[PDB]
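**Student:** Below you'll find the sequence and an experimental structure to go with it.
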Amino acid sequence: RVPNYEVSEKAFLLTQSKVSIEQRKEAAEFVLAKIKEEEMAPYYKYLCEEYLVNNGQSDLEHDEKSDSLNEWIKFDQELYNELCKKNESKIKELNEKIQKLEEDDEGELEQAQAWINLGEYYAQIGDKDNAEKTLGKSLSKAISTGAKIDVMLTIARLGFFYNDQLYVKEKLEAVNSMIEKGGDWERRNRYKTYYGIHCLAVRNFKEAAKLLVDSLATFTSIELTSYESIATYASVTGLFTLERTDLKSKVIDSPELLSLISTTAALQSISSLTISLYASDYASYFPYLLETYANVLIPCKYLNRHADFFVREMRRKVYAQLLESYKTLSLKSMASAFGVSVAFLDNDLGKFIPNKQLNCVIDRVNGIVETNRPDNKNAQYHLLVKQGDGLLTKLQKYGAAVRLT
Amino acid sequence: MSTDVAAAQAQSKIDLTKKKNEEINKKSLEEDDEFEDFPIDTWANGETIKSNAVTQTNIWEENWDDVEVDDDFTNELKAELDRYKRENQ
Amino acid sequence: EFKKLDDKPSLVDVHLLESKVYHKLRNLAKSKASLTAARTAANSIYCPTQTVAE
């Protein structure tokens, strides 16, 4: 249960070469200890592939790059020997138990509990395919509705290990069927988070916030990642979705976050960023924003691909907030608050304005920054005509097809 | 994929016995599928797939961050640079 | 463990300190929860004047 994600989390951080020197070498230690002790032997061969062009590599049976920036990476032959031994052993033991459960009738509850143990071993060693097969026999013998739901979650978890978002998605359709058959609120919370993490793994965060702000209140955890880890993810999803008034309630005034405090780096930076967006201290906003890039977005698996998008958005919001409270600004005032140069400021605005969330122009000549307001009845007219343009396209499109019939 | 919603027009139109002949006639006008030339010229294609992952090979929602690089690295330099000038002005 | 050995009005004070802890952790959702439990142990009429002042 416990190494299955924790080894993957550190192993992802270790892969990157776009992390800090220090953070990669701390991770590397946790990964390596856990291969030898827990018998993560096949996923360890797998992980030598996953760098490749990224550095660190120093393996004895698998490729190396010219630049080893790590040495808490080693392949040993003892690892391979062990595999062979341990494999046969676990397999032999349980098998015989299964045959014994066949001789004297006991096989409904106990043979499925034996096959649950077989998929956990299979899962331990990093085989999604053969874990799933064993977890398949568990179903066929007739068991409680509770047990059946617990098993499907485990299988979907093996999807996260190889960081395959589609493998997660497909399995979690089946849980949606059984969830109301058991009718539990306990395994529904697990569902909320399981989904939480899956929605966080894909681009769109709108669903994520909703599931994960709830997952602060009541959490039940069977092969689901730590409560400080879940808190961090929730602050990210809050920021994205919500605006001032709402935001302030949800993720600053939660009793749950306020009792958990900050003690670790990741939680700390994310938390301080969130108060500064609300409180209009824009000075201290950019040091927190930069900390958020290194310590929060990138070592995370479910935000490595959404890190670029999240920071870019953040720059858009904070400047856009400022703009809502202004009709005119000066270039220097605006630049000073951020703690950048006027030249540099024009440059960052000039990527963001065409696409537009800022709703501003800059008069370079009078030395002001001017703010245009299309919010009136004009705004509401533009909203409707566009939504209507689509209805007209669809009506046309289906209609030509039936008129042809 | 195609104009409008590509998903709305694929189910509107599907194979009947009448339709099958017309598919061949259309194909044969230019000749072929016109989708064998790109594999031959390049002799295994080499697309934009390196820049990021919202590139040409993409199967998830686009983030629109392939038309622009990561400016966060740049910003680390811009922030420090400002502090030093500011200090003795 | 002393709640099976519930007979003492000296459990009033323990609930009161738990209330103070959540007060400076600055959540008053949980502050109230322990305050309710303080009023329940002090519903016993054999409590000193000083603990009730608390």
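**Tutor:** That came in fine, so what should we check first? Numbers count the residues shown, from 1 in each chain, chains lettered A, B, ... in the order given.
**Student:** if I pick the residue of chain C found nearest chain B, what's in contact with it?
**Tutor:** Minimum separation of chain C from chain B (Cβ to the nearest Cβ) falls at residue C:26, amounting to 31.8 Å. C-beta coordinates here come from the backbone N, C-alpha and C atoms, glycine included. Residues near residue C:26 by Cβ atoms under 8 Å, 6 or more residues apart in numbering or on different chains: residue A:258.
**Student:** Now it: phi and psi?
**Tutor:** Torsion angles at residue C:26 (phi, psi; degrees, to the nearest 10) stand at phi 60, psi 50.
**Student:** Distance check, it against residue C:20.
**Tutor:** 12 Å (Cβ to Cβ, to the nearest Å).
**Student:** residues touching the residue nearest the centre of chain B, list them.
**Tutor:** In chain B, the residue lying closest to the centroid (Cα atoms, centre = their mean) is residue B:56, at 3.2 Å. Contacts of residue B:56 were listed using Cβ under 8 Å, 6+ apart, and they are B:47, B:48, B:49.
**Student:** Could I get these in CSV, plus columns for secondary structure and neighbour count?
**Tutor:** Listed next are the contacts of residue B:56 as CSV, based on DSSP: H, G, I helix; E, B strand; the rest coil; neighbours: other Cβ atoms under 10 Å in any protein chain shown:
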residue, secondary structure, neighbour count
B:47, coil, 9
B:48, coil, 10
B:49, coil, 12
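**Student:** What is the nearest of those residues to residue A:269?
**Tutor:** residue B:49 (32.4 Å; Cβ to Cβ).
**Student:** For the residue in the stretch 151-300 of chain A that chain B sits nearest to, give me its contacts.
**Tutor:** Relative to chain B, the nearest point of the stretch 151-300 of chain A is residue A:203 (4.2 Å; Cβ to the nearest Cβ). Residue A:203 sits next to A:305, A:306, A:309, B:60, B:61, B:63 when contact means Cβ under 8 Å, 6+ apart.
**Student:** Tell me the backbone dihedrals of the first one, please.
**Tutor:** Note on residue A:305: backbone dihedrals following degrees, to the nearest 10 are phi -90, psi -10.
**Student:** Please, which helix or strand holds the nearest residue to residue A:225 once chain neighbours are set aside?
**Tutor:** Counting by Cβ to Cβ, 6 or more residues apart in numbering or on different chains, residue A:225 lies nearest to residue A:5, which is 5.5 Å off, once chain neighbours are set aside. With secondary structure defined by DSSP states H and E, residue A:5 is part of helix A:3-15.
**Student:** now for whichever strand or helix holds residue A:383, which elements pack on it?
**Tutor:** In this structure, residue A:383 sits in helix A:377-404 according to DSSP H and E. Applying 3 or more Cβ pairs under 8 Å, 6 or more residues apart in numbering or on different chains; DSSP states H and E, we find helix A:377-404 packed against helix B:6-10.
**Student:** please redo it, this time with the cut-off set to 6 Å
**Tutor:** Using 3 or more Cβ pairs under 6 Å, 6 or more residues apart in numbering or on different chains; DSSP states H and E, no helix or strand is in contact with helix A:377-404.
**Student:** List the buried residues of that helix.
**Tutor:** Within helix A:377-404, no residue counts as buried by 16 or more other Cβ atoms under 10 Å in any protein chain shown.
**Student:** try stretch A:193-210
**Tutor:** Neighbour-count burial for stretch A:193-210 flags A:193-202, A:205, A:207-210 (criterion: 16+ other Cβ under 10 Å).
**Student:** what distance separates that stretch from the middle of the whole chain?
**Tutor:** In terms of Cα atoms, centre = their mean, to the nearest Å, the centre of stretch A:193-210 is found 7 Å from the chain centre.
**Student:** Find the closest residue to chain C in the stretch 51-200 of chain A.
**Tutor:** Closest to chain C within the stretch 51-200 of chain A is residue A:189: 18.9 Å, counting by Cβ to the nearest Cβ.
**Student:** check whether the helix or strand hosting that residue contacts chain B.
**Tutor:** According to DSSP H and E, residue A:189 maps onto helix A:186-201. No. Applying Cβ under 6 Å from any Cβ of the partner chain, one finds helix A:186-201 separated from chain B by no less than 9.7 Å.
**Student:** Show the secondary-structure elements that that helix is packed against.
**Tutor:** Against helix A:186-201 (3+ Cβ pairs under 6 Å, 6+ apart) you get helix A:165-182, helix A:206-214.
**Student:** Could you report the distance from residue A:201 to chain C?
**Tutor:** With distances taken as Cβ to the nearest Cβ, to the nearest Å, residue A:201 is found 31 Å from chain C.
**Student:** these two touch, right, that residue and residue A:302?
**Tutor:** Yes. Residue A:201 is within contact range of residue A:302, at 4.3 Å (criterion: Cβ atoms under 6 Å).
**Student:** how about the residues of the stretch 251-400 of chain A near chain C?
**Tutor:** Near chain C, the residues belonging to the stretch 251-400 of chain A are A:255, A:258, A:259 when assessed by Cβ under 6 Å from any Cβ.
**Student:** quick one on the thing from earlier: dump the contacts of residue A:203 to TSV, plus secondary structure.
**Tutor:** Formatted as TSV, those follow (DSSP: H, G, I helix; E, B strand; the rest coil):
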residue	secondary structure
A:305	coil
A:306	coil
A:309	helix
B:60	coil
B:61	coil
B:63	coil
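**Student:** Of the residues you listed, which is the nearest to chain C?
**Tutor:** Ranked by distance to chain C (Cβ to the nearest Cβ), these are led by residue A:306 at 30.5 Å.
**Student:** which residue does chain A bring closest to chain C?
**Tutor:** Nearest to chain C in chain A, going by Cβ to the nearest Cβ, is residue A:255, at a distance of 3.9 Å.
**Student:** Contact residues of chain B facing chain A?
**Tutor:** Applying Cβ under 6 Å from any Cβ, we find that chain B lies next to chain A at B:12, B:60, B:61, B:63, B:65, B:70, B:72, B:78, B:82.
**Student:** just the buried members of those?
**Tutor:** Among the residues of chain B next to chain A, those classed as buried by 16+ other Cβ under 10 Å are B:63, B:65, B:72, B:78, B:82.
**Student:** In CSV: those, plus distance to residue A:337.
**Tutor:** Formatted as CSV, those follow (distance: Cβ to Cβ, whole Å):
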residue, distance to residue A:337
B:63, 28
B:65, 26
B:72, 19
B:78, 15
B:82, 12
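**Student:** Of those, which belong to strands?
**Tutor:** Counting by DSSP state E, no part of those is found in strands.
**Student:** can you list these in a markdown table and add distance to chain C?
**Tutor:** As requested, those are arranged in a markdown table below (distance: Cβ to the nearest Cβ, whole Å):
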| residue | distance to chain C |
| --- | --- |
| B:63 | 36 |
| B:65 | 38 |
| B:72 | 33 |
| B:78 | 36 |
| B:82 | 35 |
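**Student:** how near is the spatially most central residue of chain A to residue A:290?
**Tutor:** Residue closest to the mean C-alpha point of chain A, counted by Cα atoms, centre = their mean, is residue A:302 at 2.5 Å. Residue A:302 is 21 Å from residue A:290, where distance means Cβ to Cβ.
**Student:** Likewise for residue C:26?
**Tutor:** Going from residue C:26 to residue A:290 by Cβ to Cβ gives 28 Å.
**Student:** thinking again about what came up before, so how far is the helix holding residue A:383 off the chain centroid?
**Tutor:** A distance of 36 Å separates the centroid of the chain from that of helix A:377-404, by Cα atoms, centre = their mean.
**Student:** likewise stretch B:28-42?
**Tutor:** For stretch B:28-42, the distance to the chain centre is 20 Å (Cα atoms, centre = their mean).
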